[PDB]
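Here the structure comes first, spelled out in structure tokens, and everything after it is commentary.
4 protein chains.
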Amino acid sequence: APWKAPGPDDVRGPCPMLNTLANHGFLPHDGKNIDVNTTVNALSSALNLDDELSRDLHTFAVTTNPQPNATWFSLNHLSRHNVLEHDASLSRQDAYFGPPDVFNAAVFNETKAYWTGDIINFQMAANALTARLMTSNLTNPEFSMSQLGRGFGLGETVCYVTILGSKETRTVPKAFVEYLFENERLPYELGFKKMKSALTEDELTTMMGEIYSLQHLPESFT
Amino acid sequence: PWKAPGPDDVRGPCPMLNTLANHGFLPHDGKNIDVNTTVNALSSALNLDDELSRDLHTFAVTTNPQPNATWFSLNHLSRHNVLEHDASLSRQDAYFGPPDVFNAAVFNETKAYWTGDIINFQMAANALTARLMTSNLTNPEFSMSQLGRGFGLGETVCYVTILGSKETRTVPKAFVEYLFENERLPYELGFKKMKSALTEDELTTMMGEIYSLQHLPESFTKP
Amino acid sequence: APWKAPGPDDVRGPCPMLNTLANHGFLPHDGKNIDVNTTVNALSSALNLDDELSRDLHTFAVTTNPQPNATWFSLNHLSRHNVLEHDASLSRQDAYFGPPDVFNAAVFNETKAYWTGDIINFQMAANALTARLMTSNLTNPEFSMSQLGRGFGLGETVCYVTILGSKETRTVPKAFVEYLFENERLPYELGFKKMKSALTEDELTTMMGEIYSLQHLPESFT
Amino acid sequence: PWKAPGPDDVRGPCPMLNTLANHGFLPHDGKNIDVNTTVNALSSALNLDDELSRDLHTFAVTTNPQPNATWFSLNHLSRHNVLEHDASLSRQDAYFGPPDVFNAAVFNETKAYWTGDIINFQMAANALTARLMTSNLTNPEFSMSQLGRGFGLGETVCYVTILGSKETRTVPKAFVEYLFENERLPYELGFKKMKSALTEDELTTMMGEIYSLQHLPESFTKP
Ligand code: HEM
Ligand code: HEM
Ligand code: HEM
Ligand code: HEM
Ligand SMILES: [Mg+2]
Ligand SMILES: [Mg+2]
Ligand SMILES: [Mg+2]
Ligand SMILES: [Mg+2]
Numbered sequence: 003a004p005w006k007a008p009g010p011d012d013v014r015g016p017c018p019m020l021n022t023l024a025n026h027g028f029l030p031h032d033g034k035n036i037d038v039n040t041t042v043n044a045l046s047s048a049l050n051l052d053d054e055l056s057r058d059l060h061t062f063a064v065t066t067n068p069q070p071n072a073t074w075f076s077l078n079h080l081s082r083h084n085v086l087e088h089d090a091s092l093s094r095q096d097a098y099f100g101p102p103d104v105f106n107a108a109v110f111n112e113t114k115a116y117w118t119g120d121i122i123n124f125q126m127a128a129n130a131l132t133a134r135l136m137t138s139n140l141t142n143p144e145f146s147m148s149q150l151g152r153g154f155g156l157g158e159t160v161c162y163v164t165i166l167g168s169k170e171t172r173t174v175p176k177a178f179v180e181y182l183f184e185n186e187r188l189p190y191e192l193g194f195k196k197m198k199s200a201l202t203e204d205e206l207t208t209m210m211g212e213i214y215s216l217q218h219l220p221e222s223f224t
Numbered sequence: 004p005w006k007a008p009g010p011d012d013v014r015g016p017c018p019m020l021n022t023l024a025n026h027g028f029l030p031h032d033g034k035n036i037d038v039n040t041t042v043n044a045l046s047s048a049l050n051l052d053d054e055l056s057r058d059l060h061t062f063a064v065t066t067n068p069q070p071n072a073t074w075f076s077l078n079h080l081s082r083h084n085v086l087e088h089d090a091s092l093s094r095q096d097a098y099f100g101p102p103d104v105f106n107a108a109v110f111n112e113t114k115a116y117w118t119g120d121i122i123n124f125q126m127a128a129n130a131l132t133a134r135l136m137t138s139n140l141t142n143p144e145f146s147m148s149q150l151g152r153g154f155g156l157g158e159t160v161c162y163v164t165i166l167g168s169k170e171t172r173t174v175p176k177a178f179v180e181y182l183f184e185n186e187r188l189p190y191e192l193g194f195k196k197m198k199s200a201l202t203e204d205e206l207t208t209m210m211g212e213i214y215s216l217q218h219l220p221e222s223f224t225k226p
Numbered sequence: 003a004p005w006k007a008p009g010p011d012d013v014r015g016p017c018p019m020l021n022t023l024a025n026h027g028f029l030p031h032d033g034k035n036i037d038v039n040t041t042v043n044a045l046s047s048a049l050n051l052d053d054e055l056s057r058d059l060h061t062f063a064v065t066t067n068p069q070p071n072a073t074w075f076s077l078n079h080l081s082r083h084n085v086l087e088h089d090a091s092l093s094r095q096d097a098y099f100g101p102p103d104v105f106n107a108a109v110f111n112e113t114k115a116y117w118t119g120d121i122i123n124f125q126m127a128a129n130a131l132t133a134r135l136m137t138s139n140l141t142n143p144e145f146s147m148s149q150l151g152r153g154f155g156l157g158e159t160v161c162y163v164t165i166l167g168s169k170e171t172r173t174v175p176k177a178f179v180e181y182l183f184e185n186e187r188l189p190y191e192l193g194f195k196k197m198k199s200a201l202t203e204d205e206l207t208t209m210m211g212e213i214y215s216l217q218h219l220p221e222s223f224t
Numbered sequence: 004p005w006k007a008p009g010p011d012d013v014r015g016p017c018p019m020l021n022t023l024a025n026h027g028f029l030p031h032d033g034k035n036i037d038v039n040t041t042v043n044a045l046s047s048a049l050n051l052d053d054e055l056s057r058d059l060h061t062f063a064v065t066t067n068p069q070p071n072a073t074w075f076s077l078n079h080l081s082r083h084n085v086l087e088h089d090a091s092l093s094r095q096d097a098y099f100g101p102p103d104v105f106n107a108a109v110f111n112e113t114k115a116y117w118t119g120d121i122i123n124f125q126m127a128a129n130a131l132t133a134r135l136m137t138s139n140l141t142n143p144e145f146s147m148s149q150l151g152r153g154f155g156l157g158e159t160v161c162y163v164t165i166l167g168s169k170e171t172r173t174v175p176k177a178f179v180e181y182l183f184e185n186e187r188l189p190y191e192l193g194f195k196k197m198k199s200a201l202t203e204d205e206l207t208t209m210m211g212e213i214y215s216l217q218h219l220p221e222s223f224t225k226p
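In order, the protein sequence lines correspond to chains A, B, A' and B'. A prime marks a further copy of an entry chain.
Following the entry's author numbering, the residues of the first sequence are numbered contiguously, the last one being 224.
Following the entry's author numbering, the residues of the second sequence are numbered contiguously, the last one being 226.
Following the entry's author numbering, the residues of the third sequence are numbered contiguously, the last one being 224.
Following the entry's author numbering, the residues of the fourth sequence are numbered contiguously, the last one being 226.
Dropping the structure here:
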């Protein structure tokens, strides 16, 4: 598949998947001026997400554009700390410790430890998210996790399992996920093909609850 | 054979010594255990090396309140922050409740990190890491000395390699759940004691291995 | 593929591949009384080795049978230290430290470190063998490595790369090799199919020289 | 710009300081380097944090034979078993030859462990492990104190993360080969100094990471 790394005047953000889609040219390769038609059609073409889900993700995205009531966004808008970006990411530093947009191999090394099989299931995904939340809470004196941010993390975890893998079996090959994060390239060469049955909002919300139910966080946690 | 403990039979915070008492390898009432009793029990039931068993006994007797004692009883082992410590896999922290008896809610956290039918060292490291972070975040009196940290590493190596294989560094998950939940050796699941006795040097090496696979904060207590 | 773990009265040896072939029933599942017809036909059927190579491997094997001039062997005969079995194995302890027949995860952990890619090439294989030789030399006060034993190690390394992988490209997927060693099961479920062009003795000998040329051992080494 | 060293220009065992002298970040003759010169050179050429640069200077001046010196020259750094040590990646052990100049045969061993076009921390750990074992097996005067062991870890973290990325913990192999073989910064290969300055704490953390990926004997010197 066509793919090109970002250059000096291209922008990227904290989302491994949107970065990947820009690298492949499903989104503008420069990462800029992403309109709602582009978002819906890109997420459909690359990943077979349902339009409603894609449109709602776009609606979230444009809240990071500093222009009031904007209808578009750019990938670097997404990076601003504690808007959509949050602490306890799986592959990025907390803003307190470093720029929270770029891939960090040490953070990802922690996450990967909890993927203790060739196939990632929801318990493993829940464990990784729990670990990262506890690590941030213990080490970051500016740690914050709002109700919204907690929901964002649940959605992000459901997304890498079920959009790279199977919403039906709630599993994904570990290699697919490592490839996406480490390369910001879709794992086509490992055999990845987009899902046949489009992921809906209702399916995503249901599965977010499932991940939540498998986590083992302190009762006082958000 | 196996017999449940009665109200006069003392037990402690160690799932394995409790189990050995229930089978009569140790005195069934859990009391007055001297070094020959410890060594015979660990050798006969589990084929630990005698040097390791003797050194474990030496640790155990430090929990006896009586000075210059050469023996201990299982309830002595429950004394908080002598050999017993926070972030146990199957017991409550002493701050929250009695730290001797099995606690299903705590064990449910631990089991979540044992992802397959076979537990490996990464899974075991993950469970210990999670329990340490949970205690640190929830217990306002949490303590974990370098000594306690080392104790936890030893305990984790013990359930994997004494119920399982030091050679493959794995154990069937069902063996471990059976020991903790029943305090009975998993004979009926096929368990047979190791052919090659576990030595102190092997245990020490494997403690470092578990440590190396954990993902705790860099500032977190080291063993 | 049919496969069964060994039971109490089955015997196994220090060779991960012969153990595997017994588990699949290409060799007698009990590991006993392996005649030359069985060896040649099993290595052909499972792995497509040339008959001459298989016959010569059998001729080596029977030297471990304590019966003088035996025409057959059993897998546990192979384990006897410093006959065909040698120090600096990739997945077994040196005899000085432990029984040198069974898989050891700590030894294999060292070996695997040198397979620094998803595809193992000859430089990586040479590096792993070099590392294990140096580790044994440094730690084992009874370390021995004869000229024959050194040759045996070269052959063993060429075998896991080119019999699980490709003699043509001199590479093998790392996952195939890890699967064979850790499971003593052929990596069929990962996509393994035996080579189309049978491996010959001449090819093996040539490639043994290639591995040798890529190693970085002390000049004083055997 | 870059200028080769002449016969009056002293050089030492550090590929990077030699390189910085060749580019004139350090005095081209390699002499009389004070703390402001060190800090300016490391900041301007490589964007190291100033605290790290100052502490590196403090190490460097211990190699000056003159007591109470606040400066050093590059050849001072070559003094065996002060900061210079055995099992270097690109230099001979002092027992076998001068331990300051680049040695292609030694570097050929090191490069063998850099298996792809990109060097990661496992590859770097492997190269260091191999060189340590080679020196131990071949040099009858081999020495590796805990201090020297730590020095080696720091040097390995430095070529990966100062030429490459501390964020991804990788570097292009060609950048590293270019620095060692030419003692010239690999500008023509696309190298640009890091945007986020490397700190002492980051370096220390990554030294522990390299250590954790090495496969040395359990008895081998620890940092
Ligand atoms: C317009 C659509 C999308 C938007 C606006 C968006 C936005 C974001 C943002 C702002 C973050 C950073 C949160 C943080 O970790 O601090 C993020 C992370 C993430 N996104 Fe997206 N995303 C989109 C689509 C997708 C899709 C389709 C996937 C499918 C795999 C995905 C997977 C992820 C994952 C797994 C993370 C977590 C990264 C980490 O924790 O290191 N995203 N996304
Ligand atoms: C004389 C020998 C022994 C002594 C004195 C001893 C002592 C103890 C003590 C005091 C604890 C409580 C630590 C804590 O979790 O707070 C403990 C826990 C533990 N012991 Fe032992 N033990 C002995 C032998 C064994 C053996 C042979 C095994 C083999 C499986 C074993 C497995 C464990 C495990 C897995 C724990 C952790 C339980 C948990 O975290 O919930 N112990 N032991
Ligand atoms: C009749 C045929 C064979 C015989 C007699 C034989 C014998 C042996 C013996 C005695 C060893 C132990 C050497 C040691 O590591 O100490 C060994 C190891 C080994 N064998 Fe075989 N083998 C045969 C066929 C094969 C085949 C077809 C393969 C193909 C992959 C293979 C792969 C290996 C490997 C990779 C090792 C090294 C194990 C290690 O170092 O941990 N062998 N073999
Ligand atoms: C004032 C700052 C520095 C001082 C005093 C210093 C000192 C030294 C010394 C004495 C050695 C020889 C150790 C040995 O291999 O025996 C050395 C080696 C080394 N230095 Fe530096 N160094 C400095 C800065 C740097 C920087 C900024 C880098 C970044 C790439 C670097 C990279 C290396 C490497 C990779 C080696 C190992 C060479 C080998 O093993 O062949 N150094 N340094
Ligand atoms: Mg974040
Ligand atoms: Mg406790
Ligand atoms: Mg061997
Ligand atoms: Mg040196």
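Just so it is clear, CB atoms sit at the ideal spot from N, CA and C, and this is done for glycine as well.
- Task: Using DSSP bridges, identify the partner residues of A:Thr173.
- Result: Taking the first residue of the first sequence as position 1, residue 173 of chain A is located at position 171. Per DSSP, A:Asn123, A:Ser168.
- Minimum C-alpha distance to A':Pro16 - residue among A':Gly27, A':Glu87, A':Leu29: For this step, residue 16 of chain A' is matched to residue 14 along the third sequence. Residue A':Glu87 is the option with its Cα nearest to A':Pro16.
- Query: Whose C-alpha, out of A':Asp12, A':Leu45, A':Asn106, is nearest the C-alpha of A':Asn35?
  - Reply: Position 33 of the third sequence, counted from the first residue, corresponds to residue 35 of chain A'. Looking at the Cα atoms, A':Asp12 is the closest of the given residues.
- Query: What does a CB cutoff of less than 8 Å around A:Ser93 pick up in its chain, not counting 5 residues either side in sequence?
  - Reply: Counting from one through the first sequence, the residue named residue 93 of chain A turns up at place 91. The answer, listed in chain order, is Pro18, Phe105, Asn106, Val109, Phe110, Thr113, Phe183.
- Please classify A:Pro70: is it buried, with 16 or more other beta-carbons within 10 angstroms of its beta-carbon, or exposed? Within the first sequence, residue 70 of chain A is the residue found at index 68, counting from 1. So A:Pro70 ends up on the exposed side.
- Interface partners of B':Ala115 on chain A', CB under 9 Å: Sequence index remark: in the fourth sequence, residue 115 of chain B' carries index 112 (1-based). Correct list: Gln125, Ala128, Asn129, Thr132, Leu216, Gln217, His218.
- Task: Below 7 Å CB to CB, which residues in the same chain sit around B:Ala72 once its five sequence neighbours on both sides are set aside?
- Result: As a position in the second sequence, residue 72 of chain B is number 69, starting the count at 1. Excluding positions up to five away in sequence, the list reads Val64.
- Give the residues from the stretch 86 to 114 of chain A that approach chain B' closer than 8 Å (Cβ to any Cβ), ordered along the chain. For the stretch 86 to 114 of chain A, the set of residues with a beta-carbon nearer than 8 Å to any beta-carbon of chain B' comprises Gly100, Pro101, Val104, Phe105, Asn106, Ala107, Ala108, in chain order.
- Query: For B':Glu54, does the count of other Cβ atoms within 10 angstroms reach 16, so buried, or fall short, so exposed?
  - Reply: To locate residue 54 of chain B', count along the fourth sequence from 1; it is residue 51. By the 10 Å Cβ count, B':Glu54 comes out exposed.
- Quick one: which chain A residues come within Cβ less than 7 Å of B:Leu156? As a working note, residue 156 of chain B is residue 153 in the second sequence. Chain A residues near B:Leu156: none, gap ~16 Å exceeds 7 Å.
- Query: Is DSSP giving A':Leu156 helix, strand or coil here?
  - Reply: Taking the third sequence and counting its residues from 1, one reaches residue 156 of chain A' at position 154. Assigned with DSSP and collapsed to three states, A':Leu156 falls in helix.
- Task: Verify the contact flag: A':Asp89, CB atom, against every heavy atom of ligand 3, threshold strictly below 8 Å.
- Result: Mapped onto the third sequence, residue 89 of chain A' falls at position 87. Because some heavy atom of ligand 3 lies under 8 Å away, the Cβ of A':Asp89 counts as near it: yes.
- Message: Rounded to the nearest angstrom, what separates A:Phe124 and B':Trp117 at their Cα positions?
- Response: Sequence index remark: in the first sequence, residue 124 of chain A carries index 122 (1-based). Sequence index remark: in the fourth sequence, residue 117 of chain B' carries index 114 (1-based). In a straight line, the C-alpha of A:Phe124 is about 36 Å away from that of B':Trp117.
- Message: Taking its Cβ as the centre, do 16 or more other Cβ atoms sit within 10 Å of residue 2 of chain A', making it buried, or is it exposed?
- Response: Residue 2 of chain A' lies beyond the residue range present for chain A', which begins at 3 and ends at 224; the question has no answer from this structure.
- Could you pull out every residue in the same chain whose Cβ sits closer than 6 Å to the Cβ of A':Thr173, ignoring the five residues on either side in sequence? To locate residue 173 of chain A', count along the third sequence from 1; it is residue 171. Closer than 6 Å at Cβ, skipping near neighbours: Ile121, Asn123, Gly167.
- If you check the beta carbons only, do B:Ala115 and A:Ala90 fall under 9 Å apart? The sequence position of residue 115 of chain B within the second sequence is 112, counting from 1. The sequence position of residue 90 of chain A within the first sequence is 88, counting from 1. No.
- Query: Which same chain residues, not among the five before or five after residue 1 of chain B', have their C-beta less than 7 Å away from its C-beta?
  - Reply: Since the first residue of chain B' shown is 4 and the last is 226, residue 1 of chain B' is not available in this structure.
- Query: Is the beta carbon of A':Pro16 within less than 8 Å of some heavy atom of ligand 7?
  - Reply: Reading the third sequence from its first residue, position 14 is the one you call residue 16 of chain A'. Indeed, a heavy atom of ligand 7 lies less than 8 Å from the Cβ.
- Select from A:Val85, A:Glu191, A:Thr202, A:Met197 the residue whose C-alpha is nearest the C-alpha of A:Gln149. Residue mapping note: residue 149 of chain A aligns to position 147 of the first sequence, counting from 1. Nearest of A:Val85, A:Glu191, A:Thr202, A:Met197 to A:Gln149, Cα basis: A:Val85.
- Item | Local Cβ density within 10 Å of A':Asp96, reported as buried at 16 or more and exposed below that | Locating residue 96 of chain A' in the third sequence gives position 94, counting from the first residue. Counting every other CB atom within 10 Å of its CB across the protein chains shown gives A':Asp96 a total of 16 or more, marking it as buried.
- Message: Can you tell me whether B':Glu112 is helix, strand or coil according to DSSP?
- Response: Here residue 112 of chain B' refers to the residue found at position 109 of the fourth sequence. Note: B':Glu112 maps to helix in three-state DSSP.
- Message: Could you tell me the alpha carbon to alpha carbon distance between B':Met126 and A:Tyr214, rounded to whole angstroms?
- Response: Residue mapping note: residue 126 of chain B' aligns to position 123 of the fourth sequence, counting from 1. Residue mapping note: residue 214 of chain A aligns to position 212 of the first sequence, counting from 1. The straight-line gap from Cα to Cα measures roughly 38 Å.
- Find the nearest neighbour of B:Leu206 within the set B:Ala177, B:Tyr162, B:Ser46, B:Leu140, judged by alpha-carbon distance. Along the second sequence, read from residue 1 onward, the residue named residue 206 of chain B stands at position 203. Selected option, being the one with the closest Cα: B:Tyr162.
- Whole-Å CB distance - B:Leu29 paired with B:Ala44, under 8 Å assumed: Locating residue 29 of chain B in the second sequence gives position 26, where the first residue counts as 1. Locating residue 44 of chain B in the second sequence gives position 41, where the first residue counts as 1. Right, the Cβ-Cβ distance comes to about 5 Å (below 8 Å), so this counts as a contact.
- Query: Roughly how many whole angstroms lie between the Cα atoms of B':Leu216 and B':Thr132?
  - Reply: For the purposes of this step, residue 216 of chain B' is taken as the residue at position 213 of the fourth sequence. For the purposes of this step, residue 132 of chain B' is taken as the residue at position 129 of the fourth sequence. B':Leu216 and B':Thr132: Cα-Cα distance of roughly 9 Å.
- Does ligand 4 have even one heavy atom less than 8 Å from the beta-carbon of B':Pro102? One-based indexing of the fourth sequence puts residue 102 of chain B' at position 99. Result yes, Cβ under 8 Å from ligand 4.
- If contact means a Cβ-Cβ distance below 7 Å, which residues of the stretch 134 to 145 of chain A contact chain B? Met136, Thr137, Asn139, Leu140, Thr141
- Task: On the DSSP bridge assignment, give the partners of B':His83 in chain order.
- Result: For the purposes of this step, residue 83 of chain B' is taken as residue 80 along the fourth sequence, with counting starting at 1. Beta-bridge pairing links B':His83 to B':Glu87.
- Message: On the criterion of 16 or more Cβ atoms from any shown chain inside 10 Å, does A':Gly33 qualify as buried, or is it exposed?
- Response: To locate residue 33 of chain A', count along the third sequence from 1; it is residue 31. With 16 or more Cβ atoms within 10 Å of its Cβ, A':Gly33 is classed as buried.
- Message: Please give me, in chain order, every unbroken run of the alpha helix (DSSP H) with length at least 4 that falls completely inside the stretch 24 to 71 of chain A'.
- Response: 38 to 49, 53 to 64
- Task: With DSSP as the reference, please indicate the residues paired to A:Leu201 in a beta bridge.
- Result: Counting from 1 along the first sequence, the entry for residue 201 of chain A is found at position 199. DSSP output for A:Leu201 lists A:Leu51 as bridge partner(s).
- Message: Applying the 10 Å Cβ sphere with the 16-neighbour rule, what's the burial state of B':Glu186?
- Response: Your numbering for residue 186 of chain B' matches position 183 in the fourth sequence. With 16 or more Cβ atoms within 10 Å of its Cβ, B':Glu186 is classed as buried.
- Task: Take A:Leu188 as the anchor and find which of A:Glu144, A:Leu156, A:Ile165 has the nearest alpha-carbon.
- Result: As a first step, residue 188 of chain A is located in the first sequence; it is residue number 186 there, counting from the start. The candidate whose alpha carbon is nearest that of A:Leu188 is A:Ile165.
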